2 protein chains.
Amino acid sequence: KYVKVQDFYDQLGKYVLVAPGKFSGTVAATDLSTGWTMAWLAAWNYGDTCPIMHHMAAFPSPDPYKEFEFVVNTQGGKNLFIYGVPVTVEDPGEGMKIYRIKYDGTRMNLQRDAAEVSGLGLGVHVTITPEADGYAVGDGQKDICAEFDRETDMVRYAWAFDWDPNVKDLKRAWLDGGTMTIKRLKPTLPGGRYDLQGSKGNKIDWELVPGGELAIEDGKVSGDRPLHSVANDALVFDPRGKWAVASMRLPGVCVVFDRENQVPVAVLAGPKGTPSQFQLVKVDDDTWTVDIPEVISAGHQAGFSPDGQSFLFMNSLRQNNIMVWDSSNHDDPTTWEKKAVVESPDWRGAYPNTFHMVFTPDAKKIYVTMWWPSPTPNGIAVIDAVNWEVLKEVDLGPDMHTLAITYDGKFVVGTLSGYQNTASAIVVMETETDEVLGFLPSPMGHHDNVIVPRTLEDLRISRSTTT
Amino acid sequence: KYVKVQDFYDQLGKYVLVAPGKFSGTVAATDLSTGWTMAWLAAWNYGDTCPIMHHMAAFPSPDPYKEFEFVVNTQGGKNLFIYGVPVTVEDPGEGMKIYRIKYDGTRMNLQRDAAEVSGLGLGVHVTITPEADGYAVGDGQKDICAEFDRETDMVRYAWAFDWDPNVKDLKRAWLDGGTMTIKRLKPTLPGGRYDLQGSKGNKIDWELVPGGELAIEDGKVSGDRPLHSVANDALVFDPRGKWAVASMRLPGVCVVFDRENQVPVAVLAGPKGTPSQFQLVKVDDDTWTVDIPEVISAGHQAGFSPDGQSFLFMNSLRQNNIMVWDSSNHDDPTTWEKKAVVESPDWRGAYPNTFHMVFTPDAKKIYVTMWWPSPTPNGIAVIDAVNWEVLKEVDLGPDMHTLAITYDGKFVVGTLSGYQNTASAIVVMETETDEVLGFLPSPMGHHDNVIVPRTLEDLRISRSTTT
Ligand SMILES: [Cu+2]
Ligand SMILES: [Cu+2]
Ligand SMILES: [Cu+2]
Ligand SMILES: [Cu+2]
Ligand SMILES: [Cu+2]
Ligand SMILES: [Cu+2]
């Protein structure tokens with residue numbers, strides 16, 4: 001006579017959802033096979049005085065129900081004052097922590113803050129190495145990204161980026177082009193520790209929200225050095241190994257790095273109307289530069305298809321599209337050539353922004369979140385990744401963030417997050433015919449989510465190759 | 001072919017669930033017709049240093065989806081150290097805040113702290129008056145309860161309780177009886193304010209946990225005055241008006257109060273084998289005593305059936321049962337006589353206990369929670385409230401707390417809360433055949449939940465008449 005919600009869960013598989021809660025100050029794991037929250041953690045319990053739990057990624061576990069490990073970072077300072085919420089906190093913590101947490105089959109356990117171990121605090125995207133032997137974090141206030149060792153939480157390499165605008169004026173600093181410096185960032189304290197915890201290193205006093213390139217150009221973003229900003233977001237991994245790619249929002253480029261040899265090798269040019277690449281220029285053993293005549297649009301970077309045949313960058317605002325490179329040549333990223341642009345008549349405005357993504361296992365389809373300011377419904381675009389065309393767009397609700405996929409490729413699991421003060425939820429869409437199956441409650445402001453991987457292969461469609 | 005979860009929600013109707021999250025430091029409202037969280041609020045955002053979000057009740061609204069108001073309180077101090085979380089904040093905020101929040105159709109808005117307005121902080125149960133013109137909070141650390149005005153947040157009346165044991169040793173303080181004093185509490189500061197915020201007034205350093213009556217007896221509960229504790233839990237309301245009833249856990253009695261005339265009128269005796277009542281004695285205009293010759297069990301849950309015909313008190317631990325009084329005579333509570341005890345051959349351990357309940361609208365059935373420490377399954381017992389017998393028990397999961405019911409009587413909606421560190425969920429149970437329909441994720445440590453009522457009549461089976 002009645003509908004049992006267990007019928008719904010039974011179809012989804014034995015998969016563990018995990019998501020951080022931004023202004024909620026919490027992180028939680030959900031058993032998609034029963035509807036239960038498996039465990040949750042509230043960072044205030046651990047003396048965190050600004051627990052804006054931002055991005056996260058989970059290491060593969062042979063059985064997530066028995067144990068898994070993940071990394072979740074935080075933001076602080078003036079980031080608390082940027083959303084609809086009329087916060088009253090007199091001395092907010094500086095954030096930039098990088099928490100290591102273990103789910104032990106019962107509870108979450110805080111292991112340590114890797115930003116205390118390493119000395120390097122970073123507050124934007126978190127990713128796992130395809131070898132699951134490490135992770136990487138980027139930050140758009142300090143414009144630094146690094147890869148860390150999983151066992152020691154020490155930095156393997158760190159890169160710092162800087163902008164030298166042709167026109168020394170915030171309105172023109174990126175439109176009229178400039179030179180970005182890529183610099184090896186080396187520790188300064190005993191035990192090879194950085195002195196870059198919390199706010200140390202910040203060029204701007206908060207992260208740029210969606211459309212923040214207008215904000216920083218309009219002088220609406222305070223900081224000691226906003227003319228030097230490039231707004232690094234992420235370091236994502238070629239699933240085939242060897243390379244990692246850092247995105248830079250304001251100059252509208254990506255930098256391909258040799259992981260092991262600790263050098264940049266190529267610069268991918270984001271906007272439609274640019275060549276495939278810009279010329280990388282070595283200045284000395286630790287310093288490279290790239291000249292960018294004009295920045296046509298800011299962008300956000302997407303990441304690799306699961307076979308590493310394709311690499312994708314989102315242009316944002318001035319252009320809204322998905323730029324696509326042929327990355328088939330694993331030997332030499334300087335040969336990576338533009339092969340498609342995903343466009344739509346619906347993307348001609350300032351919004352929606354092409355935001356985050358997840359590929360199906362076979363690389364044939366992508367699911368892409370489409371972001372708008374309140375009150376326009378955000379939703380998901382379904383992309384044919386063979387022909388590079390939009391197949392379908394579905395309206396869902398306010399403030400769409402990230403997507404993950406069950407590893408059998410059957411269901412996409414997305415986060416809607418209420419701009420931190422209104423409706424939020426988990427959405428589940430089936431990928432066979434692309435229908436929205438409905439929503440689950442989620443009293444959190446997630447800017448991330450993962451399903452815990454089992455294998456290194458699973459990581460190819462997790463928080464490793466894409467954000 | 002795929003099952004939609006929307007099918008599950010369609011059946012539930014247009015009802016809004018609200019629950020706070022204890023250690024999560026959050027409160028959230030969920031739309032049972034779609035699965036969305038409508039809004040959530042993190043008290044750390046407002047500078048709360050110990051946001052243990054504890055009890056709540058919601059005022060009726062003609063359309064909860066357009067707007068509703070609720071009250072949610074907090075606990076602080078050594079309550080942060082009670083649960084199995086290895087908290088690191090050694091000197092937490094003191095809690096005892098009484099937050100007024102409005103859901104405005106879009107977001108939750110923090111209105112104010114009624115404890116700051118009135119000067120009275122109280123940390124245990126919150127209930128709404130049956131007229132919806134006010135609210136009540138009780139507290140078991142300071143042994144105070146009060147009824148507050150909804151517009152002004154000022155105290156209408158406050159009562160303080162104190163224990164004078166026959167035997168001056170914690171082992172025998174309650175078992176060997178004593179005299180409980182009931183004292184009218186008057187404002188002591190200008191503009192009609194109390195000096196009783198935060199820890200001011202506390203006799204003990206944390207709210208007694210379940211079985212806590214043993215710990216206090218064994219000298220395991222720190223405080224300046226545990227020998228004089230009664231552990232007030234709540235002040236619940238006669239749905240017929242006029243009367244309010246305070247529950248006292250350690251002496252196992254409830255005190256019935258005339259709300260408008262601001263005097264106690266009757267003391268009901270909890271344990272099986274004691275008379276219906278003990279004798280209330282007037283000492284002066286502000287002071288009553290009652291002699292209790294021995295205390296054979298502590299007790300806890302007290303409330304009314306929705307027609308006010310029956311009043312119930314739960315005995316816990318030494319005895320586990322439900323004591324029932326004939327409260328049909330609304331003119332004179334001193335006439336309220338015991339009519340039944342709900343007992344069960346499965347309730348002979350020290351656990352399960354029975355800490356919460358909800359009636360069906362016709363008063364024919366009760367849903368009651370059955371609490372055990374980890375790891376024994378907690379769940380729901382269904383009680384025939386015509387014959388006073390257990391119909392059924394269902395096992396559900398860890399740490400069951402409160403229950404609410406949809407106002408059409410169709411669905412009981414309950415909270416499981418992980419002891420603050422393991423699995424938590426919302427459970428849905430239909431009342432026609434008393435089958436569990438399943439679980440929804442809820443990353444919160446809830447010790448309370450309501451469905452937002454629309455009418456005064458709906459309030460009779462919400463957080464007004466029972467806990
Ligand atoms: Cu069913
Ligand atoms: Cu570790
Ligand atoms: Cu990003
Ligand atoms: Cu209680
Ligand atoms: Cu009990
Ligand atoms: Cu509680």
# chains A, B, ... in the order shown; residues from 1 in each chain; ligands from 1
>>> residues_near_ligand(ligand="ligand 1", cutoff="9 Å", atoms="only C-alpha atoms and all ligand atoms", output="list in words")
residues 1, 2, 3, 4, 5, 6, 7 and 8 of chain A; 3, 7, 8 and 437 of chain B
>>> write_last_selection(atoms="N, CA, C and O atoms", output="CSV table (one decimal), in the first residue's frame")
chain,number,residue,atom,x,y,z
A,1,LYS,N,0.8,-1.2,0.0
A,1,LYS,CA,0.0,0.0,0.0
A,1,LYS,C,0.9,1.3,0.0
A,1,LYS,O,0.6,2.2,-0.7
A,2,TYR,N,1.9,1.3,0.8
A,2,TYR,CA,2.8,2.4,0.9
A,2,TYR,C,4.1,2.3,0.1
A,2,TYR,O,4.5,1.2,-0.3
A,3,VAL,N,4.8,3.4,-0.2
A,3,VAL,CA,6.1,3.5,-0.8
A,3,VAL,C,7.1,3.4,0.3
A,3,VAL,O,7.1,4.2,1.2
A,4,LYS,N,8.0,2.4,0.1
A,4,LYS,CA,9.2,2.3,1.0
A,4,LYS,C,10.4,2.9,0.3
A,4,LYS,O,10.8,2.5,-0.8
A,5,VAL,N,11.0,3.9,1.0
A,5,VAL,CA,12.2,4.6,0.4
A,5,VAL,C,13.4,3.6,0.3
A,5,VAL,O,14.2,3.8,-0.5
A,6,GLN,N,13.4,2.4,1.0
A,6,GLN,CA,14.4,1.4,0.7
A,6,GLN,C,14.5,0.9,-0.7
A,6,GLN,O,15.5,0.5,-1.2
A,7,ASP,N,13.3,0.8,-1.4
A,7,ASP,CA,13.2,0.4,-2.8
A,7,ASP,C,14.2,1.3,-3.6
A,7,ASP,O,14.8,0.9,-4.6
A,8,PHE,N,14.1,2.6,-3.3
A,8,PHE,CA,14.9,3.6,-4.0
A,8,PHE,C,16.4,3.3,-3.8
A,8,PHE,O,17.2,3.3,-4.7
B,3,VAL,N,13.3,3.5,-10.0
B,3,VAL,CA,12.5,4.1,-9.0
B,3,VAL,C,12.8,5.5,-8.7
B,3,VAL,O,14.0,5.9,-8.5
B,7,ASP,N,8.5,9.6,-5.5
B,7,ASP,CA,7.4,8.7,-5.3
B,7,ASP,C,7.2,8.6,-3.8
B,7,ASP,O,6.0,8.6,-3.3
B,8,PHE,N,8.3,8.4,-3.0
B,8,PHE,CA,8.2,8.3,-1.6
B,8,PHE,C,7.7,9.5,-0.9
B,8,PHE,O,6.9,9.4,0.0
B,437,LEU,N,8.9,2.7,6.9
B,437,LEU,CA,9.1,2.9,5.5
B,437,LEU,C,10.5,3.2,5.1
B,437,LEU,O,10.9,3.1,3.9
>>> residues_near_ligand(ligand="ligand 4", cutoff="8 Å", atoms="only C-alpha atoms and all ligand atoms", output="ChimeraX atom specification")
/B:124-125,233-234,300-301,355-356,467
>>> write_last_selection(atoms="C-alpha atoms", output="PDB file, in the first residue's frame")
ATOM      1  CA  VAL B 124      16.740  21.476  28.493  1.00  0.00           C
ATOM      2  CA  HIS B 125      13.213  21.056  27.018  1.00  0.00           C
ATOM      3  CA  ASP B 233      13.474  18.248  32.566  1.00  0.00           C
ATOM      4  CA  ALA B 234      10.594  20.255  31.075  1.00  0.00           C
ATOM      5  CA  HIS B 300      11.547  11.594  32.865  1.00  0.00           C
ATOM      6  CA  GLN B 301       8.975  11.838  30.014  1.00  0.00           C
ATOM      7  CA  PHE B 355      12.214   9.205  26.962  1.00  0.00           C
ATOM      8  CA  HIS B 356       9.826  10.452  24.297  1.00  0.00           C
ATOM      9  CA  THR B 467       8.483  15.893  24.856  1.00  0.00           C
TER      10      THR B 467
END
>>> interface_residues(of="chain A", to="chain B", cutoff="8 Å", atoms="only C-alpha atoms", output="JSON, numbers by chain")
{"A": [2, 3, 4, 5, 6, 7, 8, 11, 23, 24, 25, 26, 28, 30, 34, 35, 36, 37, 38, 39, 40, 41, 42, 44, 45, 46, 47, 80, 85, 86, 87, 88, 89, 90, 106, 107, 108, 418, 421, 422, 423, 424, 425, 430, 436, 437, 438, 439, 440, 441, 442, 443, 444]}
>>> write_last_selection(atoms="N, CA and C atoms", output="compact mmCIF listing (two decimals), in the first residue's frame")
# COMPACT_ATOMS: atom_id res chain seq x y z
N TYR A 2 1.92 1.29 0.80
CA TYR A 2 2.84 2.43 0.91
C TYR A 2 4.11 2.29 0.09
N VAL A 3 4.76 3.43 -0.18
CA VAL A 3 6.07 3.47 -0.84
C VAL A 3 7.13 3.37 0.25
N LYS A 4 8.05 2.41 0.10
CA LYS A 4 9.21 2.31 1.00
C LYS A 4 10.42 2.93 0.32
N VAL A 5 11.04 3.93 0.97
CA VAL A 5 12.23 4.55 0.44
C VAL A 5 13.38 3.56 0.27
N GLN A 6 13.39 2.44 1.00
CA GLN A 6 14.41 1.39 0.75
C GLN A 6 14.46 0.86 -0.71
N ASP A 7 13.30 0.81 -1.39
CA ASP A 7 13.24 0.44 -2.81
C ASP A 7 14.16 1.33 -3.64
N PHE A 8 14.12 2.63 -3.34
CA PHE A 8 14.92 3.60 -4.02
C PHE A 8 16.40 3.32 -3.78
N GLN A 11 18.39 0.39 -5.52
CA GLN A 11 18.85 0.39 -6.91
C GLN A 11 20.25 1.05 -7.07
N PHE A 23 29.67 26.71 5.05
CA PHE A 23 29.26 27.42 6.29
C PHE A 23 28.63 26.52 7.39
N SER A 24 28.19 25.31 7.10
CA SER A 24 27.71 24.43 8.17
C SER A 24 28.79 24.07 9.17
N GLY A 25 30.05 24.08 8.75
CA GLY A 25 31.16 23.73 9.63
C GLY A 25 31.28 22.24 9.83
N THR A 26 30.66 21.46 8.94
CA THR A 26 30.57 20.01 9.15
C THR A 26 30.95 19.25 7.89
N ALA A 28 30.21 15.05 6.24
CA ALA A 28 29.34 13.87 6.49
C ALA A 28 29.41 12.84 5.37
N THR A 30 27.36 9.45 3.72
CA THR A 30 25.99 8.91 3.57
C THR A 30 26.02 7.56 2.83
N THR A 34 21.24 2.65 2.07
CA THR A 34 20.21 2.64 3.16
C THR A 34 19.56 3.97 3.55
N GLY A 35 20.14 5.10 3.14
CA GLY A 35 19.66 6.40 3.50
C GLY A 35 20.24 6.96 4.78
N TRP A 36 20.98 6.16 5.53
CA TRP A 36 21.59 6.60 6.75
C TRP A 36 22.77 7.52 6.48
N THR A 37 22.89 8.53 7.34
CA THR A 37 24.19 9.17 7.51
C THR A 37 25.10 8.20 8.27
N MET A 38 26.26 7.85 7.71
CA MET A 38 27.17 6.91 8.36
C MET A 38 27.89 7.57 9.54
N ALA A 39 28.33 8.81 9.37
CA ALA A 39 29.08 9.48 10.46
C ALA A 39 29.19 10.89 10.02
N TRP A 40 29.36 11.79 10.97
CA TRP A 40 29.60 13.19 10.60
C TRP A 40 30.57 13.78 11.60
N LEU A 41 31.17 14.89 11.20
CA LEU A 41 32.17 15.55 12.05
C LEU A 41 31.91 17.04 11.99
N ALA A 42 32.04 17.68 13.16
CA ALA A 42 31.80 19.09 13.30
C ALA A 42 33.11 19.73 13.75
N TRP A 44 34.12 22.59 14.69
CA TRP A 44 34.17 23.45 15.89
C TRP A 44 34.58 22.66 17.16
N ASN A 45 34.22 21.37 17.21
CA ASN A 45 34.58 20.45 18.34
C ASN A 45 36.09 20.35 18.59
N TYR A 46 36.84 20.67 17.55
CA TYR A 46 38.29 20.55 17.52
C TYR A 46 38.95 21.93 17.60
N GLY A 47 38.23 22.91 18.13
CA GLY A 47 38.77 24.26 18.26
C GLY A 47 38.92 25.05 16.98
N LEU A 80 34.18 34.55 5.56
CA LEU A 80 32.95 34.35 6.38
C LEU A 80 31.93 35.43 6.09
N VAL A 85 24.73 35.42 4.55
CA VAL A 85 24.59 35.21 6.02
C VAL A 85 25.13 36.39 6.85
N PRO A 86 24.28 36.97 7.75
CA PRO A 86 24.71 38.15 8.49
C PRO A 86 25.53 37.72 9.75
N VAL A 87 26.71 37.20 9.46
CA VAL A 87 27.63 36.62 10.48
C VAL A 87 28.06 37.68 11.48
N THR A 88 28.30 37.30 12.74
CA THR A 88 28.69 38.29 13.78
C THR A 88 30.06 38.08 14.46
N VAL A 89 30.81 37.12 13.94
CA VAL A 89 32.05 36.63 14.56
C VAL A 89 33.17 37.68 14.67
N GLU A 90 33.63 37.97 15.90
CA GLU A 90 34.56 39.10 16.08
C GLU A 90 36.01 38.84 15.63
N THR A 106 32.79 3.21 12.01
CA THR A 106 31.84 3.69 13.02
C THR A 106 31.76 5.23 13.02
N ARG A 107 32.92 5.87 13.07
CA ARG A 107 33.00 7.29 13.39
C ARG A 107 34.02 7.87 12.46
N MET A 108 33.93 9.19 12.29
CA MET A 108 35.07 9.93 11.73
C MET A 108 36.11 10.26 12.85
N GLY A 418 22.31 26.21 -1.86
CA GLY A 418 21.52 27.31 -1.28
C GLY A 418 22.23 28.63 -1.03
N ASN A 421 22.35 29.84 2.61
CA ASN A 421 21.28 30.33 3.46
C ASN A 421 19.89 29.89 3.05
N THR A 422 19.75 29.26 1.87
CA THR A 422 18.45 28.72 1.42
C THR A 422 18.53 27.22 1.09
N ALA A 423 17.59 26.73 0.27
CA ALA A 423 17.39 25.28 0.00
C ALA A 423 18.68 24.57 -0.42
N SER A 424 18.88 23.36 0.05
CA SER A 424 20.09 22.58 -0.31
C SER A 424 19.68 21.13 -0.37
N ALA A 425 20.41 20.31 -1.12
CA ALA A 425 20.03 18.91 -1.28
C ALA A 425 21.06 18.18 -2.09
N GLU A 430 19.78 9.27 -13.10
CA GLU A 430 20.23 8.03 -13.74
C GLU A 430 20.77 8.32 -15.14
N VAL A 436 16.00 12.65 -13.74
CA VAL A 436 16.20 13.06 -12.35
C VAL A 436 15.30 12.16 -11.53
N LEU A 437 15.91 11.42 -10.59
CA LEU A 437 15.15 10.50 -9.72
C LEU A 437 14.63 11.17 -8.45
N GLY A 438 15.20 12.32 -8.10
CA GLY A 438 14.73 13.13 -6.98
C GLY A 438 15.87 13.56 -6.08
N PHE A 439 15.51 13.99 -4.88
CA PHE A 439 16.44 14.69 -4.01
C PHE A 439 16.46 14.02 -2.65
N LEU A 440 17.61 14.13 -1.99
CA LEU A 440 17.73 13.70 -0.59
C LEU A 440 18.14 14.89 0.28
N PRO A 441 17.70 14.90 1.54
CA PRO A 441 18.00 16.05 2.39
C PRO A 441 19.50 16.23 2.69
N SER A 442 19.92 17.47 2.67
CA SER A 442 21.33 17.74 2.92
C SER A 442 21.54 19.13 3.52
N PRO A 443 21.58 19.22 4.87
CA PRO A 443 21.54 20.51 5.55
C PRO A 443 22.95 21.09 5.61
N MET A 444 23.51 21.34 4.43
CA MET A 444 24.89 21.73 4.29
C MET A 444 25.05 22.57 3.03
>>> residues_around(residues="residue 335 of chain A", least_positions_apart="5", cutoff="9 Å", atoms="only C-alpha atoms", output="PyMOL selection string")
chain A and resi 266+277+326-327+329
>>> select_by_dssp(residues="segment 179-338 of chain A", states="helix (DSSP H, G or I)", output="JSON, numbers by chain")
{"A": [212, 213, 214, 215, 216, 217, 226, 227, 228, 333, 334, 335]}
>>> residues_around(residues="residue 406 of chain B", least_positions_apart="4", cutoff="8 Å", atoms="only C-alpha atoms", output="PyMOL selection string")
chain B and resi 15+410-413+451
>>> write_last_selection(atoms="N, CA, C and O atoms", output="compact mmCIF listing (two decimals), in the first residue's frame")
# COMPACT_ATOMS: atom_id res chain seq x y z
N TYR B 15 4.41 18.70 4.54
CA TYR B 15 4.79 18.87 5.93
C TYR B 15 6.25 19.21 6.00
O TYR B 15 7.07 18.66 5.24
N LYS B 410 -0.99 10.29 9.75
CA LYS B 410 -0.56 9.20 8.88
C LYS B 410 0.86 8.66 9.09
O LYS B 410 1.10 7.45 8.91
N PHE B 411 1.80 9.53 9.46
CA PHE B 411 3.25 9.21 9.49
C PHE B 411 3.90 9.73 10.76
O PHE B 411 3.74 10.93 11.12
N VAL B 412 4.62 8.82 11.42
CA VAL B 412 5.46 9.20 12.55
C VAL B 412 6.86 9.40 11.96
O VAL B 412 7.33 8.57 11.16
N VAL B 413 7.47 10.52 12.34
CA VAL B 413 8.80 10.93 11.86
C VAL B 413 9.72 11.12 13.07
O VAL B 413 9.47 12.01 13.92
N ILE B 451 7.23 18.62 13.46
CA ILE B 451 6.65 18.93 12.17
C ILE B 451 5.95 20.29 12.44
O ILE B 451 5.22 20.39 13.45
>>> residues_around(residues="residue 237 of chain B", least_positions_apart="4", cutoff="7 Å", atoms="only C-alpha atoms", output="list in words")
residues 129, 130, 243, 244, 245, 464 and 465 of chain B
>>> write_last_selection(atoms="C-alpha atoms", output="compact mmCIF listing (two decimals), in the first residue's frame")
# COMPACT_ATOMS: atom_id res chain seq x y z
CA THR B 129 2.02 27.23 24.99
CA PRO B 130 -1.25 25.73 23.72
CA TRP B 243 -2.18 24.09 33.74
CA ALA B 244 1.49 23.42 33.11
CA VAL B 245 3.40 20.47 34.54
CA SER B 464 3.56 21.51 23.57
CA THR B 465 1.87 18.71 25.44
>>> residues_near_ligand(ligand="ligand 2", cutoff="10 Å", atoms="only C-alpha atoms and all ligand atoms", output="number ranges by chain")
A: 69-71, 99-102, 110-114, 149-153
>>> write_last_selection(atoms="C-alpha atoms", output="tab-separated table (two decimals), in the first residue's frame")
chain	number	residue	atom	x	y	z
A	69	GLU	CA	40.46	8.19	4.45
A	70	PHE	CA	39.89	11.57	3.05
A	71	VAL	CA	41.26	15.13	3.00
A	99	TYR	CA	42.41	18.12	7.63
A	100	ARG	CA	43.13	14.42	7.30
A	101	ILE	CA	40.14	12.42	8.47
A	102	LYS	CA	39.64	8.64	8.78
A	110	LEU	CA	40.43	13.70	12.95
A	111	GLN	CA	43.97	12.54	12.24
A	112	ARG	CA	45.87	15.83	11.79
A	113	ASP	CA	46.07	19.15	10.04
A	114	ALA	CA	48.51	18.66	7.17
A	149	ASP	CA	52.81	12.85	0.24
A	150	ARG	CA	49.99	10.77	1.68
A	151	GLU	CA	52.07	9.12	4.43
A	152	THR	CA	54.04	12.10	5.75
A	153	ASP	CA	51.72	15.06	4.75
>>> residues_near_ligand(ligand="ligand 5", cutoff="9 Å", atoms="only C-alpha atoms and all ligand atoms", output="list in words")
residues 210, 298, 299, 300, 301, 313, 314, 315, 316, 317, 319, 320, 321, 322, 351, 352, 353, 354, 355, 356, 370 and 371 of chain B
>>> residues_around(residues="residue 217 of chain A", least_positions_apart="6", cutoff="9 Å", atoms="only C-alpha atoms", output="PDB file with N, CA, C and O atoms, in the first residue's frame")
ATOM      1  N   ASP A 169      46.124  48.835 -13.587  1.00  0.00           N
ATOM      2  CA  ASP A 169      44.837  49.402 -13.245  1.00  0.00           C
ATOM      3  C   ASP A 169      43.915  48.198 -13.178  1.00  0.00           C
ATOM      4  O   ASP A 169      43.885  47.428 -14.125  1.00  0.00           O
ATOM      5  N   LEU A 170      43.180  48.044 -12.078  1.00  0.00           N
ATOM      6  CA  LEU A 170      42.336  46.836 -11.829  1.00  0.00           C
ATOM      7  C   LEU A 170      41.314  46.569 -12.927  1.00  0.00           C
ATOM      8  O   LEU A 170      41.025  45.410 -13.262  1.00  0.00           O
ATOM      9  N   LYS A 171      40.805  47.637 -13.551  1.00  0.00           N
ATOM     10  CA  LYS A 171      39.794  47.443 -14.570  1.00  0.00           C
ATOM     11  C   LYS A 171      40.417  46.737 -15.776  1.00  0.00           C
ATOM     12  O   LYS A 171      39.755  45.917 -16.386  1.00  0.00           O
ATOM     13  N   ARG A 172      41.696  47.015 -16.053  1.00  0.00           N
ATOM     14  CA  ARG A 172      42.396  46.576 -17.276  1.00  0.00           C
ATOM     15  C   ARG A 172      43.480  45.513 -17.034  1.00  0.00           C
ATOM     16  O   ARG A 172      44.156  45.064 -17.969  1.00  0.00           O
ATOM     17  N   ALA A 173      43.668  45.106 -15.771  1.00  0.00           N
ATOM     18  CA  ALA A 173      44.867  44.339 -15.446  1.00  0.00           C
ATOM     19  C   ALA A 173      44.973  42.987 -16.185  1.00  0.00           C
ATOM     20  O   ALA A 173      46.083  42.467 -16.459  1.00  0.00           O
ATOM     21  N   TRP A 174      43.806  42.400 -16.488  1.00  0.00           N
ATOM     22  CA  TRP A 174      43.779  41.120 -17.189  1.00  0.00           C
ATOM     23  C   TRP A 174      43.283  41.332 -18.631  1.00  0.00           C
ATOM     24  O   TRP A 174      43.834  40.708 -19.549  1.00  0.00           O
ATOM     25  N   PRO A 226      46.145  42.789  -5.130  1.00  0.00           N
ATOM     26  CA  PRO A 226      45.180  42.240  -6.126  1.00  0.00           C
ATOM     27  C   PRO A 226      45.647  42.410  -7.601  1.00  0.00           C
ATOM     28  O   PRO A 226      45.238  41.621  -8.450  1.00  0.00           O
ATOM     29  N   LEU A 227      46.481  43.410  -7.916  1.00  0.00           N
ATOM     30  CA  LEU A 227      47.095  43.483  -9.279  1.00  0.00           C
ATOM     31  C   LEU A 227      48.039  42.315  -9.644  1.00  0.00           C
ATOM     32  O   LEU A 227      48.383  42.143 -10.825  1.00  0.00           O
TER      33      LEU A 227
END
>>> atom_distance(atom1="atom CA of residue 265 of chain A", atom2="atom CA of residue 115 of chain A")
27.6 Å
>>> closest_residue(among="A:14, A:401, A:460, A:318", to="ligand 3", atoms="only C-alpha atoms and all ligand atoms")
A:401
>>> residues_near_ligand(ligand="ligand 6", cutoff="9 Å", atoms="only C-alpha atoms and all ligand atoms", output="list in words")
residues 22, 54, 55, 124, 125, 207, 209, 401, 446, 447 and 448 of chain B
>>> residues_around(residues="residue 64 of chain A", least_positions_apart="3", cutoff="8 Å", atoms="only C-alpha atoms", output="PyMOL selection string")
chain A and resi 16+61+67-68+105+452-454
>>> closest_residue(among="A:290, A:231, A:253, A:175", to="ligand 3", atoms="only C-alpha atoms and all ligand atoms")
A:231
>>> atom_distance(atom1="atom CA of residue 341 of chain A", atom2="atom CA of residue 358 of chain A")
17.2 Å
